[PDB]
Amino acid sequence: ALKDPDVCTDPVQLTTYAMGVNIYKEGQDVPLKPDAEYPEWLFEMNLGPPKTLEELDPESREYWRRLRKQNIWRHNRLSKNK
Amino acid sequence: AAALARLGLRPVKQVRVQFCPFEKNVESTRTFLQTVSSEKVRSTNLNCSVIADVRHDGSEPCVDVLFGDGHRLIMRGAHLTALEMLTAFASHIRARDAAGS
Amino acid sequence: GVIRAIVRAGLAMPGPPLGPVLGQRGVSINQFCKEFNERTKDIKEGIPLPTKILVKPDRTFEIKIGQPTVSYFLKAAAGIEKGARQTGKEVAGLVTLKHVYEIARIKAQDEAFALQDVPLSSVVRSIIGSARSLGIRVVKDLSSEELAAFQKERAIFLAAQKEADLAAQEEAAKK
Amino acid sequence: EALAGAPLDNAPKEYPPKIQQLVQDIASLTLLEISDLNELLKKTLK
Amino acid sequence: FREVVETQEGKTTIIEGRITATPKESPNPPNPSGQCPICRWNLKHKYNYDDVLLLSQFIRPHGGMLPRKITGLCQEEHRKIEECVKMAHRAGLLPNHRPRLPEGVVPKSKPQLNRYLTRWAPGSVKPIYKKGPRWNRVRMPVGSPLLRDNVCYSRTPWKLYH
Amino acid sequence: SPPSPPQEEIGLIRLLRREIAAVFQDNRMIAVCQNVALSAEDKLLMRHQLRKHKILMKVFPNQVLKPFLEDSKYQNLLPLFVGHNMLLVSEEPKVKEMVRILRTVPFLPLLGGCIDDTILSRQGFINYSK
Amino acid sequence: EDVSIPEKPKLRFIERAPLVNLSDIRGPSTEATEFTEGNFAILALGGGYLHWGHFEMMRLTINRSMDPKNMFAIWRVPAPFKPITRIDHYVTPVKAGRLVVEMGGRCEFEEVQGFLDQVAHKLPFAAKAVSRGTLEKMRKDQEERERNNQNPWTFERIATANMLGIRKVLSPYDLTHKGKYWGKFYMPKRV
RNA sequence: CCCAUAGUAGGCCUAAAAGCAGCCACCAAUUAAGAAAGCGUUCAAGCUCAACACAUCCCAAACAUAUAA
Ligand code: FES
């Protein structure tokens with residue numbers, strides 16, 4: 001079975017030094033650079049629940065991808081019988 | 001692709017599918033190319049190959065097939081449907097396969 | 001065919017689960033663990049690494065290594081050792097957006113993204129969806145103080161849930 | 001307003017109308033005039 | 001009309017199609033509004049199984065039916081003509097629209113039972129050994145129900161069961 | 001039959017048309033190929049090599065492209081598209097890099113390439129590579 | 001998502017006997033003809049008594065086939081009250097045009113029709129699964145047939161005027177039924 | 001008809017649950033492809049679909065086509 005090493009839990013260290021970010025034994029956790037250096041879009045990423053069709057712009061690729069997923073779901077529900 | 005894939009290009013040696021894409025009457029030949037170029041149809045005989053060349057001289061699309069014991073078969077796509085070429089082609093190779101073994 | 005089974009770095013085992021899989025193919029088993037353990041030597045022993053095996057009909061095998069799963073990155077990035085039992089109702093961990101971006105950076109170097117050939121923005125957009133599955137909430141400006149109280153309560157709550165699980169284990173032994 | 005048809009590979013090369021018109025004008029111009037023109041063109045390249 | 005050919009010469013076979021002129025539709029249909037050929041010519045409900053001149057136009061040289069898309073017939077008329085062609089064949093009205101006989105087959109003479117308005121293929125039908133009582137009598141179908149709407153020039157409607 | 005009112009264009013249809021209005025703008029050269037029969041694993045490596053050569057392989061329905069070509073200046077592009085089609089785009093003209101990879105797959109034919117805002121046949125495209 | 005499932009989605013159990021009349025199954029139903037908080041239902045097209053045995057069959061089938069979260073079912077039939085002496089057993093009379101069972105929730109008629117229609121064929125009387133749109137089309141279609149009927153002679157006109165002394169061979173109830181209902185059996189095609 | 005790449009084998013549990021004993025989720029890459037609608041697995045895999053592109057012995061005889069009386 002798969003075994004994972006225990007993660008040391010210090011609040012300051014975890015934020016500054018993520019163990020997961022570093023995968024090699026020789027390397028060390030990657031520190032976080034100032035916020036300004038990081039891309040602005042990172043801060044604009046959506047953290048909320050999946051947007052409904054009304055929220056999404058109608059003429060947008062995501063809107064019709066969401067519409068397509070919903071339509072396939074509708075077929076799934078009908079196909080449940082067989 | 002499915003139909004031919006069941007048969008397999010065993011007794012064939014090479015194919016030729018010359019067509020001028022600009023010409024309107026090349027639709028049938030290109031559809032024929034898809035079937036023969038199908039991985040399922042081709043994989044059957046890695047040794048066997050296919051030529052699908054492309055030109056812009058205005059020549060009518062032509063399909064020429066190379067075999068071993070069987071004589072070469074040439075089909076002109078301009079006045080042939082893709083299904084008729086495939087079914088007639090499959091019949092020819094089947095007879096050649098019987099002759100070989 | 002092709003076999004893609006996640007294997008911990010340097011912990012490849014001839015026995016199950018990957019063991020019997022190789023036996024059916026007929027490819028050498030010991031050779032895999034030998035080459036794999038020697039190829040992931042630098043990587044920490046125990047890192048979830050998706051591995052793809054290119055098996056020819058001749059049974060010749062060419063191993064393929066990828067970047068670790070997103071779960072491992074996010075988990076440690078918060079300090080959490082085990083994800084949440086329930087999603088949306090409890091928060092497993094607290095990671096900044098930076099942490100999601102840092103994982104996206106090193107995670108975009110894998111084979112999957114090369115094929116997916118998407119931009120940097122999409123990379124993060126796909127890791128925020130995994131963190132939610134784990135329960136890990138992302139906050140623009142998390143603070144050490146907030147992190148300390150949140151993690152401490154979760155750890156104690158996880159111990160309480162572990163105690164409930166332990167009680168169920170006793171019932172399972174009874175039945 | 002519409003792109004011209006691709007020439008056949010066998011067919012001789014076809015040249016845009018503008019290119020053909022320019023060739024005729026160069027011959028009429030004197031070498032001394034051409035020499036003055038040539039000097040300005042070289043500077044633009046570098 | 002496209003006739004595929006094949007010529008084996010010089011140890012090679014060439015397959016090519018030949019486009020030939022076809023029979024043009026008669027000019028000025030009486031009712032140009034009609035969607036399909038039958039209504040366009042005021043022929044709806046006005047043709048029977050023995051109108052070979054009308055039915056022959058919608059069948060292949062070997063007696064097979066032509067697709068609806070190619071002919072343009074509406075689904076209702078397509079099924080009517082399809083049944084009429086079946087009865088026309090079974091009655092011997094179309095003796096030149098049969099598959100060509102190759103060299104292998106031998107000319108043979110077998111019982112030629114004259115029949116007409118045959119709804120079912122002779123082989124499939126089974127004898128009516130028990131007719132049954134008068135209130136529940138097993139009848140013998142004659143003609144087709146699809147032609148029940150045909151123009152009737154008599155005070156008695158067609159009997160479809162005998 | 002009563003003529004039906006014209007069907008409204010789906011938003012996806014507009015999105016596909018909007019994408020086309022950027023392909024030519026973004027990538028100077030767009031190439032058309034027809035053989036999609038190639039296996040997925042070979043296809044994946046083909047795109048991966050294209051990325052190594054800064055080229056992108058994408059497939060779009062001709063249902064929307066065909067009307068656009070009739071309206072766009074490249075009307076002569078329309079005949080090439082038939083059945084299954086795919087597009088290769090690269091802002092920088094990596095013509096030689098593309099051609100040498102296509103040569104490795106005989107059953108995959110390059111119908112034509114629209115480069116430098118000019119419809120060029122495959123035979124002429126080779127000369128351009130040199 | 002707007003629809004809300006009650007705390008008890010699956011159909012509740014029906015008592016075999018009450019805790020404590022051939023006309024009952026004859027004619028059009030005057031109650032339970034309209035959907036209540038449910039789009040789909042099983043429409044009774046005939047008149048027959050329902051003993052507990054049927055209730056257990058319908059409840060078992062509907063419950064297992066239906067998904068609790070997706071949809072809910074509400075009983076429209078009361079408990080068996082009529083005494084049948086061979087009391088040997090208790091039954092529930094259902095008149096024609098009555099909705100025996102109703103199905104409402106996050107589902108479509110095609111999804112619902114499958115199990116509802118299957119249960120319907122078991123009922124001792126003719127029944128067909130119906131939906132709001134379907135049932136309204138059924139009633140709207142019936143009204144269209146009456147208005148556009150080309151026959152100048154109708155059962156109601158002949159029966160009400162007693163033309164040909166027809167009332168000698170007809171029941172008094174036929175004046176209200178108008179020939180659509182013959183005993184327990186109901187004839188939909190009749191105008 | 002066509003064809004179904006993949007994060008990843010989602011988390012949690014499950015000896016085992018890899019779309020698919022269950023639970024919780026049902027987010028996402030691609031122009032597109034349901035954490036999955038079936039079938040199928042010890043679990044996998046495999047196979048389709050939704051997507052992309054394209055009880056002596058039957059019982060009148062008969063009859064379809066001449067203006068309902
Ligand atoms: S549509 Fe008029 S007869 Fe076919």
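The figures here come from the full heavy-atom set of this structure, side chains too, leaving out hydrogens, waters and symmetry mates. Chain letters run A, B, ... following the sequence lines, proteins first and then strands; every chain starts at 1.
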Peer 1: Test if H/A35 is paired with H/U42, treating Watson-Crick and G-U wobble as valid and requiring both distances under 3.5 Å.
Peer 2: no
Peer 1: Can I get a per-line list of side-chain donor-acceptor pairs under 3.5 Å for residues 67-78 of chain C, giving both atom names and the distance, sequence neighbours left out?
Peer 2:
residue : atom : partner : partner atom : Å
C/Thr69 : OG1  : C/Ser71 : OG           : 2.9
C/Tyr72 : OH   : A/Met19 : O            : 3.4
C/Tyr72 : OH   : A/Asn22 : O            : 2.9

Peer 1: Is there side-chain contact between F/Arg18 and F/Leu16, with heavy atoms separated by less than 4.5 Å?
Peer 2: no
Peer 1: I'd like to check G/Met71 versus G/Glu111 (side-chain heavy atoms, cut-off strictly below 4.5 Å). Are they in contact?
Peer 2: yes
Peer 1: Can you give the first and last nucleotides of RNA chain H, 5' to 3', that have an atom under 4.0 Å from a heavy atom of chain F?
Peer 2: H/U5 to H/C54
Peer 1: Which residue in the set C/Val100, C/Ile127, C/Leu94 passes side-chain contact (heavy atoms from CB on, under 4.5 Å) when paired with C/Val138?
Peer 2: C/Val100
Peer 1: Would you kindly compare F/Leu44 and C/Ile6 by the position of their nearest RNA chain H nucleotide and give the one closer to the 5′ end?
Peer 2: F/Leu44
Peer 1: Give a yes or no on whether A/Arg65 atom CZ has more than 12 heavy-atom contacts from other residues, nucleotides or ligands under 6.0 Å away.
Peer 2: yes
Peer 1: Assign H/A35 to north (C3'-endo side) or south (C2'-endo side) according to its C1'-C2'-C3'-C4' torsion.
Peer 2: north
Peer 1: Does a side chain donor of either E/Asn150 or E/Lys46 reach within less than 3.5 Å of an acceptor in the other side chain?
Peer 2: no
Peer 1: Apply the syn/anti split at 90° from 0 to H/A64 and say which one it is.
Peer 2: syn
Peer 1: I need the residues from residues 10-27 of chain F with at least one non-hydrogen atom less than 4.0 Å from RNA chain H; give them sorted by number, or say none.
Peer 2: none
Peer 1: Is H/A66 on the north side or the south side, where north means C1'-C2'-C3'-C4' is positive?
Peer 2: south
Peer 1: Yes or no on side chain to side chain contact (heavy atoms under 4.5 Å, CB included) for F/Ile10 and A/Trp64, after CA distance, side-chain angles and deciding distance?
Peer 2: CA-CA 10 Å; F/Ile10 309 300; A/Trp64 288 103; 3.3 Å; yes
Peer 1: Look through every strand shown and name the nucleotide pairing with H/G46 as Watson-Crick or G-U wobble, where both distances are under 3.5 Å.
Peer 2: H/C39
Peer 1: We want to know whether E/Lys80 and E/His45 form a side-chain donor-acceptor pair, criterion being a heavy-atom distance below 3.5 angstrom.
Peer 2: yes
Peer 1: Taking H/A4 as the reference, what is the distance to H/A53 when you measure between their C1' atoms (whole Å, please)?
Peer 2: 12 Å
